[PDB]
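Report on the structure given below.
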Amino acid sequence: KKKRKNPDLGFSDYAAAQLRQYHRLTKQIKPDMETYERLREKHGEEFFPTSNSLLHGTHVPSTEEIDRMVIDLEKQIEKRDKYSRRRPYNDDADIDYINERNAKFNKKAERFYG
RNA sequence: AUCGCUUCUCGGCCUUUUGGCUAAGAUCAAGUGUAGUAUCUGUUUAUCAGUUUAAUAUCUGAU
């Protein structure tokens with residue numbers, strides 16, 4: 001059995017959050033060594049190109065593949081859509097604001113003047 | 001313990017949100033007494049007796 005934890009911190013740079021998300025997505029993927037070997041026995045030495053070494057024009061993908069990336073796109077898009085968790089419209093406390101822009105400005109002022 | 005779904009709670013974003021300047025740009029606010037106008041609003045009580053009138057009505061009188 002296995003165990004780990006990862007706590008959230010400051011967004012410090014957009015890079016940090018991006019990196020966390022990449023970690024998760026990367027861990028998810030599971031590759032088929034079948035297709036890997038199939039692709040391998042055709043091309044051989046072309047498999048291991050340096051930045052500058054080797055070249056074959058284009059690798060054309062079966063559509064079924066393309067569907068995988070499209071699906072992952074939609075998933076990540078949703079997960080990103082949920083970035084900001086909204087606090088429910090609570091009327092219970094005292095109202096001094098005149099509109100929602102004013103309500104939010106009063107909230108930002110509450111953070112900076114204690 | 002792990003995975004997923006749902007419910008509530010909390011933290012983080014919340015710049016995504018206070019058009020620029022000058023001589024704070026400059027200045028300041030009084031009253032319903034009289035009438036009338038206009039608009040809505042309401043209308044064109046029950047007999048009978050008389051007075052009256054072209055006829056109504058009015059007037060008078062009990063309801």
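Naming scheme: A, B, ... for chains in displayed order of the structure tokens; residues 1 onward per chain; ligands 1 onward as shown.
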Check every residue of chain B for an atom within 7 Å of chain A, counting only C-alpha atoms (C1' of nucleotides), and provide those that qualify as a PDB file with N, CA and C atoms (P, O5', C5', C4', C3', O3' and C1' of nucleotides), in the first residue's frame.
ATOM      1  P     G B  12      -7.740  34.003   2.492  1.00  0.00           P
ATOM      2  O5'   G B  12      -6.924  33.595   1.188  1.00  0.00           O
ATOM      3  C5'   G B  12      -5.601  33.091   1.299  1.00  0.00           C
ATOM      4  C4'   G B  12      -5.086  32.612  -0.028  1.00  0.00           C
ATOM      5  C3'   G B  12      -5.313  33.572  -1.169  1.00  0.00           C
ATOM      6  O3'   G B  12      -4.350  34.601  -1.171  1.00  0.00           O
ATOM      7  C1'   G B  12      -5.886  31.377  -1.844  1.00  0.00           C
ATOM      8  P     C B  13      -4.717  36.026  -1.786  1.00  0.00           P
ATOM      9  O5'   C B  13      -4.575  35.765  -3.342  1.00  0.00           O
ATOM     10  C5'   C B  13      -5.193  36.616  -4.282  1.00  0.00           C
ATOM     11  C4'   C B  13      -5.310  35.924  -5.607  1.00  0.00           C
ATOM     12  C3'   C B  13      -6.075  36.686  -6.673  1.00  0.00           C
ATOM     13  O3'   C B  13      -5.222  37.570  -7.378  1.00  0.00           O
ATOM     14  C1'   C B  13      -6.858  34.443  -6.549  1.00  0.00           C
ATOM     15  P     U B  17     -10.497  45.822 -14.482  1.00  0.00           P
ATOM     16  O5'   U B  17     -10.667  46.986 -13.424  1.00  0.00           O
ATOM     17  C5'   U B  17     -10.098  46.893 -12.126  1.00  0.00           C
ATOM     18  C4'   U B  17     -10.719  47.925 -11.228  1.00  0.00           C
ATOM     19  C3'   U B  17     -10.383  47.813  -9.750  1.00  0.00           C
ATOM     20  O3'   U B  17     -10.509  49.121  -9.198  1.00  0.00           O
ATOM     21  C1'   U B  17     -12.696  47.484 -10.052  1.00  0.00           C
TER      22        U B  17
END
Original post:
Out of range 41-99 of chain A, which residues get helix (DSSP H, G or I) from DSSP, as a list in words?
Top reply: residues 41, 42, 43, 44, 45, 46, 47, 63, 64, 65, 66, 67, 68, 69, 70, 71, 72, 73, 74, 75, 76, 77, 78, 79, 80 and 81 of chain A
Original post:
When you draw a straight line from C1' of residue 10 in chain B to CA of residue 98 in chain A, how long is it in Å?
Top reply: 27.3 Å
**OP:** Just give me the gap between CA of residue 81 in chain A and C1' of residue 3 in chain B in Å, one decimal is fine.
**Re:** 23.4 Å
Subject >> Å distance separating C1' of residue 63 in chain B from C1' of residue 46 in chain B, one decimal place >> reply: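 Between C1' of residue 63 in chain B and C1' of residue 46 in chain B the gap is 8.1 Å.
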